[PDB]
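Following: one structure in structure tokens, then a few remarks.
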Amino acid sequence: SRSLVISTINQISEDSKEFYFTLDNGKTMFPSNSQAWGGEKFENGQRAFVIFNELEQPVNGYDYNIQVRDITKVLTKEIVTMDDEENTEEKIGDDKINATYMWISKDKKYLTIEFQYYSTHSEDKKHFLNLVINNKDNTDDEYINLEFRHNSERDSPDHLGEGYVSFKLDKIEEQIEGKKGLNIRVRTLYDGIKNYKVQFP
């Protein structure tokens with residue numbers, strides 16, 4: 061029977077066609093049919109939803125041996141630092157968005173957000189999502205302050221939709237040591253500005 065997970069696509073070998081999956085609990089999956097995605101060059105660190113069948117036979121060095129049915133990429137982005145020239149209020153935007161569900165992977169490499177916002181649901185009008193370090197008593201010594209920003213690019217807020225975005229936490233890797241988690245500023249859909257604390261596993 062079918063299985064579904066979110067995972068990191070690992071592309072570390074010299075053959076860019078050879079890849080495996082890392083789950084947010086640290087466990088790994090070996091795709092016995094990864095060759096079928098041979099035309100699809102996946103970047104190392106790419107996040108994706110994977111539909112698969114778990115095979116009975118184990119493969120040495122991997123927790124799972126799987127037959128992949130579908131790989132659907134999850135928007136994977138870097139944090140927008142203070143020094144970035146693209147870190148402008150105009151480019152980043154501050155449109156409403158809901159952070160429905162958030163979690164950090166065991167290795168503290170990703171913050172994934174299940175979000176909801178209103179759009180016209182058209183490929184022509186793309187929305188811009190970012191995890192930003194703002195350039196301008198608080199618990200800054202326990203939680204790292206970040207802003208989950210949304211630029212709707214003037215799209216009419218007609219229909220509610222859901223999605224996922226995964227952010228690499230490597231640009232704040234030095235600060236993670238000795239902190240409880242992340243403090244995420246969100247301009248919510250119905251309740252104004254909220255600050256959500258997301259714990260490191």
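Numbering of the sequence shown is given in my numbering, commencing with residue 61 and proceeding in unit increments.
For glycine and all other residues, C-beta sits at the position ideal for the given N, C-alpha and C.
(message) Does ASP130 come out as helix, strand or coil in the three-state DSSP assignment?
(response) Here residue 130 corresponds to residue number 70 of the sequence shown, with the count starting at 1. DSSP, read as helix, strand or coil, puts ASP130 in strand.
(message) Relative to the C-alpha of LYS133, which candidate in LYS166, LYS254 and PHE109 has its C-alpha closest?
(response) In the sequence shown, counting from the first residue as 1, residue 133 sits at position 73. Residue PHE109 is the option with its Cα nearest to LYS133.
(message) Taking 7 Å as the threshold (C-beta atoms), are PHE188 and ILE244 in contact?
(response) Looking up residue 244 in the sequence shown gives position 184. Looking up residue 188 in the sequence shown gives position 128. The Cβ atoms of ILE244 and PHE188 do not sit closer than 7 Å to each other.
(request) Can you have a look at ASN190 and say buried or exposed, based on whether 16 or more other CB atoms are within 10 angstroms of its CB? (result) Translated into positions along the sequence shown, residue 190 becomes position 130. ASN190 is classed as buried because its beta carbon has at least 16 other beta carbons within 10 Å across all chains shown.
(message) Taking the alpha-carbon of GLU222 as reference, which of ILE164, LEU249, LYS254 and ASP167 has the nearest alpha-carbon?
(response) The sequence position of residue 222 within the sequence shown is 162, counting from 1. Looking from the CA of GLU222, the closest CA among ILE164, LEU249, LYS254 and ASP167 belongs to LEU249.
(request) Helix, strand or coil for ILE173, going by three-state DSSP, please let me know. (result) Residue numbering aside, residue 173 sits at position 113 when the sequence shown is read from its first letter. In the structure shown, the three-state DSSP call for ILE173 is strand.
(request) Output the distance between the C-alpha atoms of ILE173 and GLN106, rounded to the nearest integer angstrom. (result) As a position in the sequence shown, residue 173 is number 113, starting the count at 1. As a position in the sequence shown, residue 106 is number 46, starting the count at 1. Roughly 15 Å between the two C-alpha positions.
(request) Could you please give the first and the last residue of the uninterrupted alpha helix (DSSP H) stretch that includes residue 29? (result) Coverage of the chain is limited to positions 61 through 261, which leaves residue 29 absent and any answer about it impossible.
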